[PDB]
Structure formats: structure tokens, C-alpha cells
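These notes are about the structure you will find just below.
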Amino acid sequence: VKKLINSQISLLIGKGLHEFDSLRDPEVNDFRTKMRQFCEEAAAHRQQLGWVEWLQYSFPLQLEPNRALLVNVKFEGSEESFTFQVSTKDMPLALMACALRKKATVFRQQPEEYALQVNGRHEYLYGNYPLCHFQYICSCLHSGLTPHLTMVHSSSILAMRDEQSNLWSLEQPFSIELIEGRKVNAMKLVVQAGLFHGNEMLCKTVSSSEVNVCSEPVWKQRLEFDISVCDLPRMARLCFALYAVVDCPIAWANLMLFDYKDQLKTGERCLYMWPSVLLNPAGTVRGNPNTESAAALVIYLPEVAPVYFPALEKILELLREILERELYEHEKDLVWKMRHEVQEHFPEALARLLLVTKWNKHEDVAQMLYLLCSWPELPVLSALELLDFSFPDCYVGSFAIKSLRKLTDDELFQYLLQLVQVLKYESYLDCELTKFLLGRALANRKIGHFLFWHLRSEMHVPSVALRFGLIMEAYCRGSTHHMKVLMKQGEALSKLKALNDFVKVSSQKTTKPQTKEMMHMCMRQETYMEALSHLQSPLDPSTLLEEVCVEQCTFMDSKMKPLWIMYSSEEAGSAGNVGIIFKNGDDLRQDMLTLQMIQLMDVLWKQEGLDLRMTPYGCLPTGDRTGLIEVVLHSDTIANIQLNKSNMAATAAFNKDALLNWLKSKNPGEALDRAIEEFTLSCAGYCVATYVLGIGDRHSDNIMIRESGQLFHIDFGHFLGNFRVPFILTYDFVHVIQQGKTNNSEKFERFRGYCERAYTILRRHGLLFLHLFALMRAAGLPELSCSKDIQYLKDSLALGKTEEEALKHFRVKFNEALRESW
Ligand SMILES: COc1ccccc1-n1c(CSc2ncnc3[nH]cnc23)nc2cccc(Cl)c2c1=O
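Residue numbers for the sequence shown follow the numbering used here, so the first one is 3 and each next one is one higher.
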């Protein structure tokens, strides 16, 4: 069984476990043993959960950020059902009460023994919440559908649980010996080396003398640094760049001066370098795994005596307000001087005080750490700032996690992408963040699902494959059952790749209808029917992809030839008619980030009572330039509608009326009014979202509209002004908002109000977007690489301004967009 499980993990994670063994690396070995123990202990806990707690683990509630309604309810075993009129304000318990009373009459004769499953989904309705607080009920109310629910007894829930079981003394100047290298170039070679603590240099950079490009180079020289050995902070990073000159970058490499057990490194090291794009302090501190091909630098660290970093107890032994809302040297001195008062009276200003301490002085670090150990916990917002690479110290990192422990699962989910990216800044394998993420993941299966996919989707990236593979292994140790569920998803993804490759080849030699039929024959093979059917959606575990609907599957006969894959489920009814788009060829990371930021905007708006009728469709990278996008049914591109085809319900005398005609055709009579409203609200949301994020090149073929009237965007390729992008008002959109009238200032200005409201709400959470984007710099997205990218967001949110000035500014941009509008 252990052999089987080991082979299943290897397959699932995309790395053979033997590859970890082969490294013969103590840090790896220790990570694996400790984290396996941690995760297996979490699994033990989980298997004795009460039935309500089990639901909370496996089916966490989907909640929104008087009035009558019809609900259909059945019991688990029978096809018979009852349709009830209840209120939007009624609790699930009241509904379960009517259900059980109805069963007792028909069956000839305790609500608390049950939970309500959404038919054909892994989603449950339970808890003390009015029906309209549940995302599912909320959803039905807007679309018009009747909720379909299933009474599931506690014994059935426990059955699911059960089936799913498993020093201060060293004053000499720091120095190294640069021995030799082995590289490839055209000129002379130089080695630059700097000592870093996060972004900050701990002293000046020091260089080699110029040696000819032939080699196989040899230096054999001591490089001495302007910093005493006792002063080196715990997280000291030593960074190298090898380059050529008559500037031609060649390679770089970083390492920690202390190992994972706090011991100062000695003596010789061989540094397998990473190829270059000079110094890259934020780069990984682990060597290039391609030892066959990588240029290599051998260095020597001298035997200073074995010395370890001092223990905490030994460390513990050893105009203010006007600025405190970049600073001058004298301002820095004041902050440091008043550090006790910072702690006592401005605990939320911790980050500012950290950035003024001299991390290149051990006495000063000791004094900072003493305060930190008594520092009150900070809000979540503040803790996210502390995760930035600017705060490399391990005690600071540990403090950050401690303040982040109060994250709700929903908040954690919202920030998961960024917390995963921050792993790329970690100096060691065993760290507080990994342990935090693993514990949260093991306590909430939705968190576990997305953590898995965020890690799995980067396994083709050498710099993270080891770290991410190890985390995924540990996760599997803590849920054997979820491993098998994830393997089923991976198998479907493997088949989709093979199917897409086939389509790419076939469409080059034949017509689309011919390739489409061939696609269908391929899918109808037993191996494909089996692999593609009956899985949890990678885009949403709550969504069940039962039988694949081959007849309705197709592909886009352009660009990367993405696949359109439809599903149906008898048990889910209408809500089981769902699709996924599989794309191979494009890197989906920036799309996912853009969509997640838009979904965050939607949450913040809803928290202030503004529902802009957004369409946060799923987007998930799964592999190398591979991922999935959630199908939005009953939608079309604006461009297709504007084709203004004849013999259609939307056929228009003037092209400007095509879109309104289409919306009329989908929403006859009194329904037109609501559709125009959904269009106006969503238009405002996306107009504000794309403006703030700096997303240009919006055109008719990358905007879609739903039959409800809701607009949404696709094919984000560019953001943060990498194409200062203007606010955008399209005339055809204004025309719909104005109900087809040439002048309708009443409607148009309501729309302006929505835009301004949306914008002012985002400004109030501006620091959240800035902290999240800062963390995202870890991802290495080329459009999010430097300060100039972050500065775009600062300028778009106008955070240096009063709300009055910002709104004035926004108004000028909005007014400029309206004029531009024909
Ligand atoms: C209705 O879908 C379309 C309408 C007009 C033009 C293109 C599409 N469309 C689109 C438009 S993008 C889209 N379409 C539907 N739901 C979505 N969710 C996120 N993006 C979308 N995408 C495809 C992806 C794979 C295979 C196909 Cl066959 C398509 C596809 O037809």
C-alpha cells in the first residue's frame, strides 16, 4: 500500500519521490520527515471530527460578502420531492422542518440531524444564516431559478468522513575566496559580489579584477567585505553576478551565509549559477539543478573558529506623527530614537521602524528584536505588508504569520495566490509560511484544492520544483483520499492535452467540421470517456463534472485552438450544465491575477452594498502554459453581435442599435428594463476595474455580454499600462445605458454615479491592492517586475490625494473619455 501511495504521489505531483532521495540532502530529508508528521497529525484530527465539523472541512459554506421563494426539496434516497414556499429570511432549519413534516404525512409518520445539499454539487446549506445569505440561493434569485436541495442525514455525512480516511566575538572583516569558474562567453570576465538583507545592502559591493574570457576561469583571491563577521544578521544573503565587459550579463547565484540550522557556513562551495535575464538579491538561494549545463562558481568560506547564531534568550539579553503617515536620514534617526514609543503608541507603524533599523549592526538588531517579542498582534492588512521581501528576518516573518492566523478561510482563499508566490522568497525549506499554508489546507479542503493547483502549475519551473514538490508530497501524506480526487483531475488534464494536440494537428490539414468530428471520435474512446467524466472541477471543487457531453464539445479554430468541453448531470439538473475551456500554449498567470483582483473589487463593493453584477468566472493555471477557464453560457462577444446579421431578431437599421436589439430579443417586454440595468452596473464595474488596473486594448472581440445584460471581459493580455491608459467609454455602450436615446442624462449620470462610487470604494482599500501587488512581484510576471509597475496602481488610485482631489481627477478622466466617445 505504501509503495502504491508513493507511486501515486510521484505521478500526481509530476516529480518522482526517488528524486528527493537522490539529493542526499539533510535539509530536504528533515523537511520531509517533519512535515509528514505534521500532516499525518492533521489527518488524525480530521477523521474524528463531528459531522457538522466534517461538513465545515469538506464543504465550507459559500456565503455572500421579507420575500417569498419556491424551493424544491427531496431526501437522499427517493426521487419524490416537495416544493415549498419559504421566505428569503428563513434559516435552513425552518426549511428542513417543513421538509420533515411533509415526509411524515406522505410516509404516515429532528431537523438538527440534517444538512441541505445543493443537488448535484459538493455544496451544502447549513448554519444560522437566512437563505438569501447563501451564494446559491442568492444566485437563484437573480437568474430566476428554483433552488433544488437534498436533505442529507448526519449518518450519511459520517459515512463520507469514514470512507475518506488515510558569534558576538568575531570582529574580523567578512571575507570569501573566489577560486574559479566554468562558463560560456565571447572580452574579459568579472565577478561582482554583494551582501544583502532583503533589498538592503549590508555594505558596499566588491568586485574581481578582469580576467580573460578563456576558461574555465581561475581567480584564487580573497574578496573582503566592509562588515564585521559578528555583525552578519541571521538572514544574511551572499549574492554573485558573473559578467563580461570590454555590459554582457552571463549568470548569477545567491546563498545564505547561515545554513538551515543557524550554523555559519564553511568552507568550499560550488555554486551552479542561473543564466542572466546585475545582482539579483531576490533570486533563489538554491543552485541551478541543471548541473550538466550550468556555469559554475567555486568559492571558499573560511573556518572562523563551529558557530551558531545566538539563541533568542541571548538576543533578548543584549514631528514623529507628522512623518508617520520614504523619509530623510534625520527622520529615520527620530523613529529609531523613539522605538519604545512606536511600540507603545503606534504599534501599526512596525514596518516603518523595521525599515529604519541598521540590520548591518548586531546591537541594533538585538534592540529591535527585543521590542518585537513584546509587540502586539497587528491587523491582517499590516501583516501582509510584513511578508514583503523587504522584511527578510525570521523573527519578523514569524510575527507576520502569527498576526495572519486570524485570517478567515475566505480571506485566506482571497490572498492564496500571493501567499504561494511569497514562498519564492523563502531562504529555507522548513519555514513558518509553509507550515501555516499546509495546516490551513489540511483543515479546509477548498484551501487544500487551490494550494495544490497553485503549486502543481509551477512544477515545470526549475527554481521552485523542489520546494513545491515537497509541499505537495507533505499535503498528500495528510489526505490520501484528496490525493486520489486530485489524480482524477490530473488524468482528465492529461487527456485534454493529448486531445488538444490532436486538434492542433488535424485543423492544419482539414476543415473545422472535419476536425470537430474527429475530436468527437477521439473523445468517444472508452479511455477518454472514462478519464474526462466524473470529476471535481479544478476551477471549482464545489462543481461536479459528471458525464462529458461530446456532441456539444468543440474548439476555437484560431490561435492556440482552445477546447470547449461541456458536461451534464441528471442529478444537478440545469446547474449541472457546465463547461470548461482548456487552453494550451499561453501562460495564464497574468489572466488569473487580473481576474482575482477584479473578484476582490467585487467583494469590496458588495461589502459597501454595491453590487455591480460582475462575472468572476474561474481561471486556473494547471501546468506549463496550460490551464482552464470557466464557461459562461448564454453569452456572446460584442463583436459577433455587431456583425448585424440579417434574418435575426437583432437585425438593425443602424449598426449602433445592434447591441440594444440583441438585448431586446433576449429580454422581451418588461424584462428589458432589468437587462439594461445589469448592463449599466457591470459596464461601470469593468470600466472602473480596467482603468484602475491599466488594462487597455479593450475592443469588441474581448468583451462579452450575457443574455441577462451583464457585460464581462476576456483576453487580458496586458495590464498596469504595459500595452498610462485612459478611462474608456465606448459609444455603443453609452447608447445601451441611455436606452437607445440620443440624450438621456438621467440614465447616463446614474451610470457616472456608479463609476464614482466603485472608484471611491477601491481607493479606501488602496493599501490592500498595493500590499497584494507587492507580494506578487515574487511571481516574475514581466508586466509586474519593478516599482514603475506598482507606481501605476498608486497613480490610478490617487492615494496621495484627498478623496475630494481624487474624485476631481477621476472626473476629468471620465469627462475626457465621454468626449473621446465619438
Ligand atoms: C460563446 O463563445 C464564444 C462566442 C463568440 C466568440 C468566441 C466564443 N468562444 C470563446 C469566447 S471567451 C468565453 N466564452 C464563454 N465563456 C467564457 N468564460 C471565459 N471566457 C469565455 N472561447 C472559446 C474557447 C474555447 C473554444 C471555443 Cl469554441 C470558444 C468560443 O467559441
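For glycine and all other residues, C-beta sits at the position ideal for the given N, C-alpha and C.
So residue i and residue j are supposed to be a Cβ contact under 8 Å. How far apart are they, rounded?
| i | j | result |
| --- | --- | --- |
| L172 | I301 | With a Cβ gap of about 19 Å, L172 and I301 do not count as contacting. |
| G696 | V727 | 5 Å |
| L440 | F40 | 7 Å |
| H715 | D699 | Actually they do not touch by this definition, with Cβ atoms about 11 Å apart. |
Label residue i either buried or exposed according to how many other C-beta atoms from any shown protein chain fall within 10 Å of its C-beta, with 16 as the threshold for buried.
| i | result |
| --- | --- |
| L635 | exposed |
| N31 | exposed |
| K743 | exposed |
| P62 | buried |
| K91 | exposed |
| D503 | exposed |
| residue 833 | Only positions 3 to 824 of the chain appear in this structure, which leaves residue 833 out of reach. |
| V367 | buried |
| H342 | exposed |
| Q87 | exposed |
| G269 | exposed |
| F22 | buried |
| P515 | exposed |
| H456 | buried |
| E165 | exposed |
If distances are taken between C-alpha atoms only, which option among the options comes closest to residue i?
| i | options | result |
| --- | --- | --- |
| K448 | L318, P623, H484 | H484 |
| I11 | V727, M489, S535, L645 | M489 |
| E632 | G581, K497, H135 | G581 |
| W566 | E573, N586, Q50, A574 | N586 |
| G471 | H20, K5, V3, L6 | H20 |
| residue 888 | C396, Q369, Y397, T410 | What the structure shows of the chain is the stretch from 3 to 824, and residue 888 is not part of that stretch, so it cannot be assessed. |
| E573 | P132, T152, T85 | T152 |
| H737 | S823, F725, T512 | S823 |
| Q174 | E553, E305, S400, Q598 | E305 |
| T286 | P308, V279, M258 | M258 |
| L118 | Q87, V73, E81, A106 | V73 |
| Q58 | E114, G129, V154, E82 | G129 |
| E610 | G575, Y761, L498 | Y761 |
| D734 | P149, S209, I705, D797 | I705 |
| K511 | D559, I600, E114 | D559 |
| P149 | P94, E328, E218, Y262 | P94 |
What number of angstroms, rounded off, separates the C-alpha of residue i from the C-alpha of residue j?
| i | j | result |
| --- | --- | --- |
| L546 | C241 | 48 Å |
| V505 | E413 | 40 Å |
| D638 | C757 | 24 Å |
| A298 | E548 | 52 Å |
| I473 | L444 | 12 Å |
| residue 871 | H199 | Only positions 3 to 824 of the chain appear in the structure, and residue 871 is not among them; the question remains open. |
| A651 | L774 | 46 Å |
| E326 | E315 | 31 Å |
| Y530 | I15 | 21 Å |
| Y417 | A467 | 22 Å |
| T617 | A641 | 19 Å |
| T517 | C551 | 17 Å |
| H451 | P540 | 8 Å |
| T85 | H135 | 20 Å |
| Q112 | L102 | 8 Å |
| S747 | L722 | 32 Å |
| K666 | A577 | 25 Å |
| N663 | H701 | 20 Å |
| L421 | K36 | 21 Å |
| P28 | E434 | 19 Å |
| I739 | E709 | 15 Å |
| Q538 | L495 | 12 Å |
| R458 | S648 | 48 Å |
| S145 | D604 | 18 Å |
| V3 | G52 | 28 Å |
Is there at least one Cβ from chain B nearer than 8 Å to residue i's Cβ?
| i | result |
| --- | --- |
| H484 | Among the protein chains of the structure shown there is no chain B, as only one such chain exists. |
Report whether the distance from the Cβ of residue i to the nearest heavy atom of ligand 3 is below 7 Å.
| i | result |
| --- | --- |
| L457 | With respect to ligand 3, the structure shown offers nothing to examine, as its ligands consist of ligand 1. |
Tell me whether the region 355 to 364 and the region 195 to 204 touch, counting them as touching only if at least three CB pairs, one residue from each stretch, are closer than 8 Å.
yes
Cβ pair count under 8 Å reaching 3, the region 672 to 688 against the region 644 to 659
no
Okay, do the region 411 to 431 and the region 382 to 398 touch, 3+ Cβ pairs below 8 Å being the bar?
yes
Given 8 Å as the limit, is there contact between the region 783 to 792 and the region 668 to 675, that is, 3 or more CB pairs closer than that?
no
For the region 238 to 257 against the region 272 to 288, do three or more pairs of beta-carbon atoms, one drawn from each stretch, fall closer than 8 Å, so that the two count as touching?
yes
Segment contact flag, the region 233 to 247 with the region 158 to 168, C-beta cutoff 8 Å, min 3 pairs:
no
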